[PDB]
Amino acid sequence: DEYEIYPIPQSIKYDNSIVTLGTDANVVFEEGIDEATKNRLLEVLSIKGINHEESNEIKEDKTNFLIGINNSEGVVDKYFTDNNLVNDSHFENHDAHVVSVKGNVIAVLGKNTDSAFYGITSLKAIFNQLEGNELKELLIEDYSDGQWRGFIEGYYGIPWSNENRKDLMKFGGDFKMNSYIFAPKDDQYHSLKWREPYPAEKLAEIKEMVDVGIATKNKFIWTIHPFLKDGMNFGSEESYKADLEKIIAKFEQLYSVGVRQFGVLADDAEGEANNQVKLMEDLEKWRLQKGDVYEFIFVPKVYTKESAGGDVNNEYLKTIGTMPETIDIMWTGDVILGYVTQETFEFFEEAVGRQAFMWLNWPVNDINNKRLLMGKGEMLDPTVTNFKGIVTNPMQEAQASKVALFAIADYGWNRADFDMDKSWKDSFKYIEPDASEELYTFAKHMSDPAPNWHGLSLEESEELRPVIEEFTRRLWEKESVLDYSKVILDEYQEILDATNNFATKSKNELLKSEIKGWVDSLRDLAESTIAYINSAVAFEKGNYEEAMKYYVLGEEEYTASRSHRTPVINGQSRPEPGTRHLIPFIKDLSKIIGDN
């Protein structure tokens, strides 16, 4: 009966009473609430076609929305104090805020405007699932476990379109993400030509994305690679001063279109570590002058335990750790495709001197372009506490990446209550409202990146696996397959139907065209499996001419499944879903039938 809210709030409380929403509402914003935060409430009101007037007090006759900041001594702060709803002990936490639904008052108090925004986003989630105009009285006391939650465009591949970058920011913003790190490898102006200002057309495109960032609060974070061969010149005091002028100029250019957070990337850095610190010391001075720039993100040259030699006295990391305390240094784990583990963070802390900001290399598919990776968050350990936050490095397929964005958002916000299996399942309705069963069906069979050179292996087809295995043993151990074939044909018919109904049901052209090749391949796999199962059945019943034709149909469909092509940076790639269990089963069937 209670509302489904993602990420899972740290604490939500209901009482017996319910409230009725009016057609006309009174809205009270404190002075600290910014334009993006006001607009967020107005979005929420229009979900239920509630008109509003703005005022400075609670109207007893109407429904009231009050948005305020803790300890402002504003109207809304006063309301919370005077009515004695919460604890100041709450607000020290990251992104801490309170949502209160009581009588004709719907209130949000955040530690700042950003947190008030998150509060209103929770209301957005609530309002989207309200049957009518009745609303349960509740109290959310919420905060984030992680400082940073979001995604980084940091793979090798085709860059996302601007349309898609905006759409992901819009998506992350619905789940309280705060970070989009813009690090596309093809942008000459963030790297190599970092000295030169962005062309005006390109800058104007950036400003459109930054504005979406401001509206959704999934901020656009710009990044730079200044330590390449032709990079920052540390030859002399003179030459360095010349180069520091340019980097700051470049930062000013981005600042001028609204960028308020920056990353410095040293994964490909050339000189000494000391120099990297020197620069960051100078950039920190700048950052404090500006007053409204969030803290820098730094990606070190040594970003895995493996490349650190497993040395907790690693010289590079020790030096990097002497840069200003405010800088968030990133880490991918023990290896490039590291899992989230307590041990990797203990190592990082011992070596660097502060907690890590996790760069998660999933579901990036540059490791295997044949794959869509849309499985659950297997790499996310809910018991790990010792890190600053997490970003996902997703696929070149932007829309398909929404599955992981949901996972990282939920896990990033509320770690202990992360339910890998449930969160994954619940996500599909948000990602794809019209075809959620279908897209969930696809995600079930598209998740294993193996084989790959790093050796990452994730589950795929997990629910179907026991059914596949049982049919195989029955067939191979010379038992009847007549009855079980019904069970497994049901499973495959569901897959097939999903691949046939999806394009009809989904209204998301961007997702449809992105994943089409994979759905085409999966359709063929489903048809192939059905033909083979049909062949085995015909064979048991003794209709040999018929089982022959099915076998042939089975062979043709498998070949068909391999006939599709999708774009990659250098040319074309063959989409290949269902490799963990679906394809092995097809191969098994074709070997057993007729040699049985």
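Laboratory data are not the source of any read-out in this text; all were calculated from the coordinates shown. Because the Cβ atoms are built from the backbone with ideal geometry, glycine has one as well, and the counts that use them run over all protein chains shown.
The trypsin sites (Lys or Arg not before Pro) of the stretch 515-596 that DSSP puts in a loop, and whose beta carbon has at most 15 other beta carbons within 10 Å, are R562, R565. Each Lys or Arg adds one and each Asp or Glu takes one away; over the other residues whose Cβ falls under 13 Å from the Cβ of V335, this sums to -2.
Annotation for the stretch 419-472: chymotrypsin sites (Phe, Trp or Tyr not before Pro) lying in DSSP loop with at most 10 further Cβ atoms inside 10 Å of their Cβ are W453. Bridgeable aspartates and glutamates around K388 (alpha carbons under 14 Å apart, same-chain partners fewer than 8 residues away excluded): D95, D145, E295, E325, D328, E346, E349.
The alpha carbon centroids of the stretch 9-42 and the stretch 526-571 are separated by 56 Å. Averaging Cα coordinates gives a centre for the stretch 465-495 and one for the stretch 245-315; these two points are 56 Å apart.
Rounded to the nearest 20 debye, the dipole size of the stretch 1-143 about its Cα centre is 200 debye, using +1 on the Cβ of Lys and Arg and -1 on the Cβ of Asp and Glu.
Too long at a 26 Å Cα-Cα cut-off: which of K444/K478; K124/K250; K166/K516?
Pairs exceeding 26 Å: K444/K478; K124/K250.
Across all Cα atoms of the chain, the radius of gyration (one decimal) and Dmax (whole number) stand at 27.0, 90 Å.
Over the stretch 123-221, all Cα pairs binned in 10 Å intervals from 0 give whole-percent P(r) values of 13, 36, 28, 14, 7, 2, listed from short to long. Beta bridges per DSSP, both residues in the chain: antiparallel share near 30 percent.
What the Cα atoms of the stretch 1-143 give is an Rg and a Dmax of 13.6, 36 Å.
Counting neighbouring beta carbons within 10 Å and listing from fewest to most, the residues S256, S506, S179 come out as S256, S506, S179.
Quick one: net charge around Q396, please, counting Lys, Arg +1 and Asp, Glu -1 for every other residue with C-beta under 12 Å from its C-beta.
Residues near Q396 contribute -3 overall.
Placing dummy labels 7 Å off each Cα toward the beta-carbon, the span from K13 to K290 is 4.1 nm. For the stretch 92-171, rounded, prolate or oblate, judged on the Cα gyration tensor with a ≥ b ≥ c (square roots of eigenvalues), a/c < 1.5 rounded, else prolate if a/b > b/c? Judged from the Cα gyration tensor, the stretch 92-171 comes out oblate (a/c at least 1.5, b/c at or above a/b). When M232, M358 are arranged by Cβ crowding within 10 Å, least crowded first, meaning fewest neighbours, the order is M232, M358. Of the trypsin sites (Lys or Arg not before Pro) found in the stretch 152-228, those in coil by DSSP whose Cβ has at most 13 other Cβ atoms within 10 Å are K193. Taking the Kirkwood radius as Rh and the Cα radius of gyration as Rg, the stretch 70-122 has a ratio of Rg/Rh equal to 0.92. When only the Cβ of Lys, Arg, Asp and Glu is charged (+1, +1, -1, -1), the dipole of the stretch 168-253 relative to its Cα centre reaches about 320 debye.
For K229, a cut-off of 14 angstrom between C-alpha atoms picks up these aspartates and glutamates, skipping any fewer than 8 places away in its own chain: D243, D267, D268, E270, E272. The residues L265, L109, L42, when put in order of fewest to most other Cβ atoms within 10 Å, stand as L42, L265, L109.
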